[PDB]
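To start, the structure under review is shown below, and the notes come after it.
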Amino acid sequence: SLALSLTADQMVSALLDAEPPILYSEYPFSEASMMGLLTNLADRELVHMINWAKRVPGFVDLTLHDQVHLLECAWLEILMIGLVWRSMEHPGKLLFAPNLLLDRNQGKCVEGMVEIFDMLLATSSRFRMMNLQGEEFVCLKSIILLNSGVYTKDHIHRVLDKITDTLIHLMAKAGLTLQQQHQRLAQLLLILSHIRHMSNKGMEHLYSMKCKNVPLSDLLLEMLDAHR
Amino acid sequence: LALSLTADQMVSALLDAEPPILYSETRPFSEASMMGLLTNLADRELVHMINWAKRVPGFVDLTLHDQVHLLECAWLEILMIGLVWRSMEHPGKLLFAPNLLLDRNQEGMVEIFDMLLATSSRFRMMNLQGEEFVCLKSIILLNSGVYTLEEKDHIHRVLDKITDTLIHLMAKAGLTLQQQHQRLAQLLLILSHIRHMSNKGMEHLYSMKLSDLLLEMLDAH
Amino acid sequence: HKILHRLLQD
Amino acid sequence: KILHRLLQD
Ligand SMILES: Oc1ccc(C(=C2CCc3cc(Br)ccc32)c2ccc(O)cc2)cc1
Ligand SMILES: Oc1ccc(C(=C2CCc3cc(Br)ccc32)c2ccc(O)cc2)cc1
C-alpha cells in the first residue's frame, strides 16, 4: 500500500510535512550540566521523532513490534543527522537548539564528547560542501529509520527503493546528468555509514555514564537498553 | 594516475588484487579456543589485507599517515564483508575458513553471528557478483575513515569512479536505469550494517583485552 | 512493557 | 607501529 503508490513529489511533500519541530534547550561548562541539557533535549526530541516516524510512508504498515525495533535501532542516528542538518549554516558549530550553540571546546567537559563532536562537525561540513537540500535530507533520515534495523523485511526494501527513486528524481530535477545522479546518490548513502559509526560511539558513551550514575530519562533508558 | 582506468580495468585491478582465503588451525570444545583461532586467522588475514590495500587504485597515492588511519578504521569491516562473501552459498553457516564452518549455536558472539548471517543471506538474495563485492570492499577502505591543509577530493574522485564502475557492471547485466539506482542503493546501505557489526565487534574485542598487530589496530578505537 | 509502545499507539 | 612498517616493507 500506501507509500509505493505515491509519486516522488508526493513522497517529498509527505516527508516535508512530517518534519519534526526544532525544540529549544532549557534556559554550559560542567559535565553534569552539559549532559543534563542534552539529555533533556534528546528525550523531548524522541517524542516528536516517534510521531514523525508515524507520518513516514510505509512505517505505519509495519507491525508494532517492527516499528519498535527500527526506532530502538536508529533513534540516535536520527537525532544526530537532524543535529548535523541544523548545524549546516553554522560552520564549526553544532546547533542542538536555537538557544544552544556549541563548539568542540565545550565538549571537553564530557568524556568522549570531543571525538563525537568532531565527527558531527565533519559530517555537517560534508553536507555544506555537497550543498545538501532539505528534500534530500528528509529522504536520508527516512532511509536510516527503515534500513538501520532491517537486518536485526521485504516490504521495507520496497519502501527503501521508493525513497531511492525519490532521491534520483530530486537530482534529475536539479539539472544533474545521469553520471552525476548515481554519484551523488552514492556520496549521500556513504555518509550514513559514518552516521552509524557516530551513533555506536555515542551509544557506548551514554551506557558508560549510565552505569556510572546524569540521570537518563525512562524513555532514553529503554532506547539505550535495546543496544545492551 | 588511477583516475584514468576504465570500468573494466578497475574491476580487473581489484580482482587481481584479491587476497587468498586463508585456512585456520576439528574437535570440539571451546569458547576461548574459539576466539583464539579467529584471532590467529584475522592476524594472518591482516597481512594480506595491508598488501591488498596497496594494490587498491589511489590508495598508494596517499600519505603513510592516511593509509594507516584508513586501515585502522576499516580493518574489521573488510574482514567481515570478506567473511560474509565467503558464506554466501553456505546458508545458516559462516565460512571463516574452508576448514571452518560455524553455525549459530556454536560473549556477544551470537549477536554478531546472526547479523553476519543476515548479511550473507542478503548477498544471496541480491545475487551479489564478485565484481560488485571487490568494489564494495574497496569503498569501505576509502570511505570508512574519510571523515575522521590536506584535501580528500582525490579519495572522493576514486569513490565516484568505483560508483561508475558499479553502475557500468549493472548496465551490462541488463538492468534498467531504475533498477540500477535501486540496487546501487541496496549495496551501499549494507555498508551501514557492516559498519555496525564492526563497531559491536570492536568493543567486544577490547573488552577481553592477543596478537601484536591486532592490538595496534584495536587500540586505534 | 515499554514506553515506546504507548507513544507508538497514542 | 607495525601497520606503518608493513606499509613500508
Ligand atoms: O542522553 C543523551 C545525551 C546526548 C545525546 C546526543 C549526543 C550528541 C553528542 C553526544 C555526545 C555524547 Br559522548 C553522547 C551523546 C551525544 C544528542 C542529543 C540531541 C540531539 O539532537 C543529538 C544528539 C543523546 C542522548
Ligand atoms: O580478533 C578477532 C577475532 C575475530 C574477528 C572476526 C569476527 C567475526 C565474528 C566476530 C565476533 C566478535 Br564478538 C568479534 C570479532 C569477530 C573475524 C575474523 C576473521 C574474519 O575473516 C572475519 C571476521 C576479528 C578479530
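Naming works like this for the C-alpha cells: A, B, ... for the chains as they're shown, residue 1 at the start of each chain, ligands 1 onward in shown order.
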
Which residues of chain A have any atom within 6 Å of an atom in ligand 1 when counting only C-alpha atoms and all ligand atoms, and what is the closest pair of atoms for each, with the distance in Å to one decimal? Order the rows by chain and rising number and write it as JSON lines.
```
{"residue": "A:35", "atom": "CA", "partner": "ligand 1", "partner_atom_place_in_ligand_line": "3 (C)", "distance": 5.7}
{"residue": "A:38", "atom": "CA", "partner": "ligand 1", "partner_atom_place_in_ligand_line": "3 (C)", "distance": 4.6}
{"residue": "A:39", "atom": "CA", "partner": "ligand 1", "partner_atom_place_in_ligand_line": "1 (O)", "distance": 3.6}
{"residue": "A:41", "atom": "CA", "partner": "ligand 1", "partner_atom_place_in_ligand_line": "19 (C)", "distance": 5.8}
{"residue": "A:42", "atom": "CA", "partner": "ligand 1", "partner_atom_place_in_ligand_line": "19 (C)", "distance": 4.3}
{"residue": "A:79", "atom": "CA", "partner": "ligand 1", "partner_atom_place_in_ligand_line": "22 (C)", "distance": 4.5}
{"residue": "A:80", "atom": "CA", "partner": "ligand 1", "partner_atom_place_in_ligand_line": "22 (C)", "distance": 4.5}
{"residue": "A:83", "atom": "CA", "partner": "ligand 1", "partner_atom_place_in_ligand_line": "21 (O)", "distance": 5.1}
{"residue": "A:96", "atom": "CA", "partner": "ligand 1", "partner_atom_place_in_ligand_line": "21 (O)", "distance": 5.3}
{"residue": "A:112", "atom": "CA", "partner": "ligand 1", "partner_atom_place_in_ligand_line": "13 (Br)", "distance": 4.7}
{"residue": "A:113", "atom": "CA", "partner": "ligand 1", "partner_atom_place_in_ligand_line": "13 (Br)", "distance": 3.7}
{"residue": "A:116", "atom": "CA", "partner": "ligand 1", "partner_atom_place_in_ligand_line": "11 (C)", "distance": 5.7}
{"residue": "A:202", "atom": "CA", "partner": "ligand 1", "partner_atom_place_in_ligand_line": "14 (C)", "distance": 4.5}
{"residue": "A:205", "atom": "CA", "partner": "ligand 1", "partner_atom_place_in_ligand_line": "13 (Br)", "distance": 5.1}
{"residue": "A:206", "atom": "CA", "partner": "ligand 1", "partner_atom_place_in_ligand_line": "14 (C)", "distance": 5.5}
```

List as a tab-separated table (two decimals) with N, CA and C atoms, in the first residue's frame the protein and nucleic acid residues lying within 6 Å of ligand 2, with only C-alpha atoms and all ligand atoms counted.
```tsv
chain	number	residue	atom	x	y	z
B	35	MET	N	38.00	-18.19	20.12
B	35	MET	CA	38.38	-16.84	19.78
B	35	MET	C	39.86	-16.74	19.63
B	38	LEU	N	40.09	-17.54	15.78
B	38	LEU	CA	39.64	-16.40	14.98
B	38	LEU	C	40.65	-15.26	15.05
B	39	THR	N	41.34	-15.15	16.18
B	39	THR	CA	42.38	-14.15	16.35
B	39	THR	C	43.60	-14.49	15.50
B	41	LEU	N	43.61	-16.32	12.82
B	41	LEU	CA	43.23	-16.21	11.42
B	41	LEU	C	43.20	-14.76	10.96
B	42	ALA	N	42.55	-13.91	11.74
B	42	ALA	CA	42.44	-12.49	11.41
B	42	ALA	C	43.81	-11.82	11.35
B	79	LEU	N	37.38	-7.37	6.93
B	79	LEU	CA	37.41	-8.77	7.35
B	79	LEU	C	36.01	-9.38	7.34
B	80	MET	N	35.04	-8.61	7.83
B	80	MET	CA	33.68	-9.12	7.98
B	80	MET	C	32.93	-9.24	6.66
B	83	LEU	N	34.23	-12.26	5.11
B	83	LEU	CA	33.62	-13.41	5.77
B	83	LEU	C	32.22	-13.67	5.24
B	96	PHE	N	34.47	-19.01	7.97
B	96	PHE	CA	35.66	-18.30	8.42
B	96	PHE	C	36.88	-18.81	7.67
B	108	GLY	N	28.68	-12.12	23.34
B	108	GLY	CA	28.34	-11.19	22.28
B	108	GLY	C	28.56	-11.76	20.90
B	109	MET	N	29.09	-12.98	20.85
B	109	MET	CA	29.41	-13.65	19.59
B	109	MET	C	28.17	-13.93	18.76
B	112	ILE	N	26.46	-10.93	16.93
B	112	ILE	CA	27.14	-10.54	15.71
B	112	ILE	C	27.05	-11.65	14.67
B	201	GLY	N	31.63	-5.47	17.10
B	201	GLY	CA	32.73	-6.42	17.12
B	201	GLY	C	33.97	-5.84	17.75
B	204	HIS	N	33.73	-5.54	21.74
B	204	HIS	CA	33.84	-6.84	22.40
B	204	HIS	C	35.29	-7.31	22.42
B	205	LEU	N	36.07	-6.85	21.45
B	205	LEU	CA	37.47	-7.24	21.35
B	205	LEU	C	38.35	-6.53	22.38
```

Margin query: Which of range 25-226 of chain A end up as strand (DSSP E or B) when DSSP is run on this backbone - answer as JSON, numbers by chain?
Written below: {"A": [94, 95, 96, 97, 100, 101, 102]}

Item checked: Members of chain C assigned alpha helix (DSSP H) by DSSP, as an MDAnalysis selection string -> chainID C and resid 3:9

Limited to C-alpha atoms, could you put the picked residues into a file as a tab-separated table (two decimals), in the first residue's frame?
```tsv
chain	number	residue	atom	x	y	z
C	3	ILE	CA	7.08	3.48	26.95
C	4	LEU	CA	7.86	3.31	23.24
C	5	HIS	CA	4.82	1.05	22.87
C	6	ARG	CA	2.35	3.59	24.26
C	7	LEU	CA	3.77	6.54	22.31
C	8	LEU	CA	3.60	4.48	19.11
C	9	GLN	CA	-0.09	3.77	19.73
```

Next item on the list: Hey, list the chain A side of the contact with chain C: 7 Å cut-off, only C-alpha atoms, answer as a ChimeraX atom specification.
Entry: /A:50,68,219

Restrict the calculation to only C-alpha atoms, then for each residue of chain B with any atom at most 10 Å from an atom of chain D give the closest atom pair and their distance in Å to one decimal, rows by chain and rising residue number, as a Markdown table.
```
| residue | atom | partner | partner_atom | distance |
| --- | --- | --- | --- | --- |
| B:46 | CA | D:3 | CA | 9.3 |
| B:47 | CA | D:6 | CA | 7.8 |
| B:50 | CA | D:7 | CA | 6.8 |
| B:51 | CA | D:7 | CA | 7.3 |
| B:53 | CA | D:7 | CA | 9.2 |
| B:54 | CA | D:7 | CA | 7.8 |
| B:60 | CA | D:7 | CA | 9.6 |
| B:64 | CA | D:4 | CA | 7.0 |
| B:65 | CA | D:4 | CA | 8.0 |
| B:67 | CA | D:7 | CA | 8.1 |
| B:68 | CA | D:4 | CA | 6.2 |
| B:69 | CA | D:3 | CA | 9.7 |
| B:71 | CA | D:3 | CA | 8.5 |
| B:72 | CA | D:3 | CA | 8.5 |
| B:212 | CA | D:2 | CA | 8.4 |
| B:213 | CA | D:2 | CA | 6.3 |
| B:214 | CA | D:3 | CA | 9.6 |
| B:216 | CA | D:1 | CA | 7.2 |
| B:217 | CA | D:3 | CA | 8.1 |
```

Using N, CA, C and O atoms, can you export the residues from the last selection as a tab-separated table (two decimals), in the first residue's frame?
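What landed in out_39.tsv:
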```
chain	number	residue	atom	x	y	z
B	46	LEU	N	45.24	-9.97	8.14
B	46	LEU	CA	45.62	-8.57	8.17
B	46	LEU	C	46.80	-8.29	7.25
B	46	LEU	O	46.81	-7.29	6.52
B	47	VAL	N	47.79	-9.17	7.29
B	47	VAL	CA	49.00	-9.01	6.49
B	47	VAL	C	48.67	-8.97	5.00
B	47	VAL	O	49.23	-8.18	4.24
B	50	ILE	N	46.71	-5.61	4.21
B	50	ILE	CA	47.61	-4.46	4.13
B	50	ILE	C	48.23	-4.35	2.74
B	50	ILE	O	48.26	-3.27	2.15
B	51	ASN	N	48.69	-5.48	2.21
B	51	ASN	CA	49.28	-5.50	0.88
B	51	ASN	C	48.22	-5.51	-0.22
B	51	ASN	O	48.51	-5.22	-1.38
B	53	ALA	N	45.52	-3.52	0.16
B	53	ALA	CA	45.19	-2.10	0.14
B	53	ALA	C	46.14	-1.33	-0.77
B	53	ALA	O	45.74	-0.37	-1.43
B	54	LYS	N	47.40	-1.76	-0.80
B	54	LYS	CA	48.41	-1.14	-1.65
B	54	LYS	C	48.01	-1.21	-3.12
B	54	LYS	O	48.28	-0.29	-3.90
B	60	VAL	N	47.73	4.10	-2.88
B	60	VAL	CA	49.18	4.28	-2.82
B	60	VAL	C	49.55	5.74	-3.05
B	60	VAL	O	50.68	6.16	-2.77
B	64	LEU	N	51.57	8.11	4.17
B	64	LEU	CA	51.68	6.98	5.08
B	64	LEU	C	50.73	7.14	6.26
B	64	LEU	O	50.19	6.16	6.77
B	65	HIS	N	50.53	8.38	6.69
B	65	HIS	CA	49.65	8.68	7.82
B	65	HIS	C	48.20	8.32	7.51
B	65	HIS	O	47.53	7.68	8.33
B	67	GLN	N	47.06	6.33	5.07
B	67	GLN	CA	46.94	4.90	4.79
B	67	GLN	C	46.81	4.10	6.07
B	67	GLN	O	46.05	3.13	6.14
B	68	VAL	N	47.55	4.51	7.10
B	68	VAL	CA	47.46	3.88	8.41
B	68	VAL	C	46.07	4.09	9.01
B	68	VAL	O	45.44	3.16	9.51
B	69	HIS	N	45.59	5.33	8.95
B	69	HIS	CA	44.30	5.70	9.53
B	69	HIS	C	43.14	4.97	8.86
B	69	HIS	O	42.22	4.51	9.53
B	71	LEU	N	43.20	2.09	7.22
B	71	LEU	CA	43.26	0.67	7.56
B	71	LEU	C	42.86	0.43	9.01
B	71	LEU	O	42.19	-0.55	9.32
B	72	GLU	N	43.28	1.33	9.90
B	72	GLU	CA	42.92	1.23	11.31
B	72	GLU	C	41.41	1.35	11.51
B	72	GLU	O	40.85	0.75	12.43
B	212	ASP	N	49.84	-9.22	18.27
B	212	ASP	CA	50.53	-7.93	18.37
B	212	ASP	C	49.99	-6.89	17.39
B	212	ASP	O	49.74	-5.75	17.77
B	213	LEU	N	49.81	-7.29	16.14
B	213	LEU	CA	49.29	-6.37	15.13
B	213	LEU	C	47.84	-5.99	15.44
B	213	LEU	O	47.45	-4.84	15.28
B	214	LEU	N	47.06	-6.97	15.89
B	214	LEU	CA	45.67	-6.74	16.24
B	214	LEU	C	45.52	-5.76	17.40
B	214	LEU	O	44.57	-4.98	17.45
B	216	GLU	N	47.41	-3.22	18.02
B	216	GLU	CA	47.61	-1.88	17.49
B	216	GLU	C	46.37	-1.39	16.75
B	216	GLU	O	45.98	-0.23	16.88
B	217	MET	N	45.76	-2.28	15.98
B	217	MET	CA	44.55	-1.95	15.23
B	217	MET	C	43.39	-1.70	16.18
B	217	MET	O	42.53	-0.85	15.92
```

Check: What lies within 8 Å of residue 148 in chain B using only C-alpha atoms, ignoring chain neighbours under 5 positions off, as a ChimeraX atom specification?
Finding: /A:118-119,122

Select from chain A every residue with an atom at most 7 Å from any atom of chain B, then for each give the shortest pair of atoms and their distance in Å to one decimal, using only C-alpha atoms, rows by chain and rising number, as CSV.
```
residue,atom,partner,partner_atom,distance
A:119,CA,B:148,CA,6.0
A:122,CA,B:147,CA,5.9
A:148,CA,B:193,CA,6.9
A:151,CA,B:118,CA,6.0
A:152,CA,B:115,CA,6.5
A:161,CA,B:182,CA,5.6
A:164,CA,B:182,CA,6.1
A:182,CA,B:181,CA,6.5
A:183,CA,B:160,CA,5.7
A:186,CA,B:163,CA,6.8
A:189,CA,B:188,CA,6.4
A:190,CA,B:188,CA,6.6
A:192,CA,B:192,CA,6.4
A:193,CA,B:192,CA,4.4
A:194,CA,B:144,CA,7.0
A:196,CA,B:192,CA,6.4
A:197,CA,B:195,CA,6.7
A:200,CA,B:199,CA,6.6
```

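Closest approach to residue 155 in chain B from the set A:144, A:187, A:102, A:130 is made by A:187, with distances taken over only C-alpha atoms.
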
Would you kindly return, as a PDB file with N, CA and C atoms, in the first residue's frame, each protein, DNA or RNA residue with an atom no farther than 10 Å from any atom of residue 32 in chain A, considering only C-alpha atoms and excluding same-chain residues fewer than 2 positions away?
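Output contents, as saved in part13.pdb:
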```
ATOM      1  N   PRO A  28      27.181  25.976  28.509  1.00  0.00           N
ATOM      2  CA  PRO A  28      27.399  25.178  29.712  1.00  0.00           C
ATOM      3  C   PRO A  28      28.823  24.744  29.858  1.00  0.00           C
ATOM      4  N   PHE A  29      29.305  24.689  31.083  1.00  0.00           N
ATOM      5  CA  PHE A  29      30.671  24.277  31.314  1.00  0.00           C
ATOM      6  C   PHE A  29      30.865  23.186  32.321  1.00  0.00           C
ATOM      7  N   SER A  30      29.863  22.386  32.579  1.00  0.00           N
ATOM      8  CA  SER A  30      30.038  21.338  33.554  1.00  0.00           C
ATOM      9  C   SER A  30      29.675  20.019  32.907  1.00  0.00           C
ATOM     10  N   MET A  34      26.030  19.920  31.259  1.00  0.00           N
ATOM     11  CA  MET A  34      26.171  19.705  29.822  1.00  0.00           C
ATOM     12  C   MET A  34      25.328  18.518  29.376  1.00  0.00           C
ATOM     13  N   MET A  35      25.555  17.373  30.010  1.00  0.00           N
ATOM     14  CA  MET A  35      24.786  16.171  29.719  1.00  0.00           C
ATOM     15  C   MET A  35      23.327  16.345  30.110  1.00  0.00           C
ATOM     16  N   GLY A  36      23.091  17.110  31.171  1.00  0.00           N
ATOM     17  CA  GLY A  36      21.743  17.377  31.638  1.00  0.00           C
ATOM     18  C   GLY A  36      20.897  18.071  30.588  1.00  0.00           C
ATOM     19  N   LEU A  37      21.468  19.087  29.951  1.00  0.00           N
ATOM     20  CA  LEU A  37      20.764  19.827  28.911  1.00  0.00           C
ATOM     21  C   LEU A  37      20.560  18.973  27.664  1.00  0.00           C
ATOM     22  N   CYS A 109      34.123  18.932  28.549  1.00  0.00           N
ATOM     23  CA  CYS A 109      33.540  18.626  29.850  1.00  0.00           C
ATOM     24  C   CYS A 109      33.238  17.137  29.960  1.00  0.00           C
ATOM     25  N   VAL A 110      32.560  16.614  28.944  1.00  0.00           N
ATOM     26  CA  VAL A 110      32.117  15.225  28.929  1.00  0.00           C
ATOM     27  C   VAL A 110      33.088  14.332  28.162  1.00  0.00           C
ATOM     28  N   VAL A 214      24.735  11.913  34.872  1.00  0.00           N
ATOM     29  CA  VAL A 214      23.407  12.467  34.633  1.00  0.00           C
ATOM     30  C   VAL A 214      22.355  11.366  34.549  1.00  0.00           C
ATOM     31  N   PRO A 215      21.275  11.501  35.334  1.00  0.00           N
ATOM     32  CA  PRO A 215      20.175  10.532  35.323  1.00  0.00           C
ATOM     33  C   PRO A 215      19.372  10.578  34.024  1.00  0.00           C
TER      34      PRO A 215
END
```

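Each of A:23, A:140, A:150, A:18 was compared to residue 54 in chain A using only C-alpha atoms, and A:18 turns out to be the nearest.
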
Next item on the list: Could you jot down the CA of residue 62 in chain B to CA of residue 48 in chain B separation for me, Å, one decimal place?
Entry: 19.0 Å
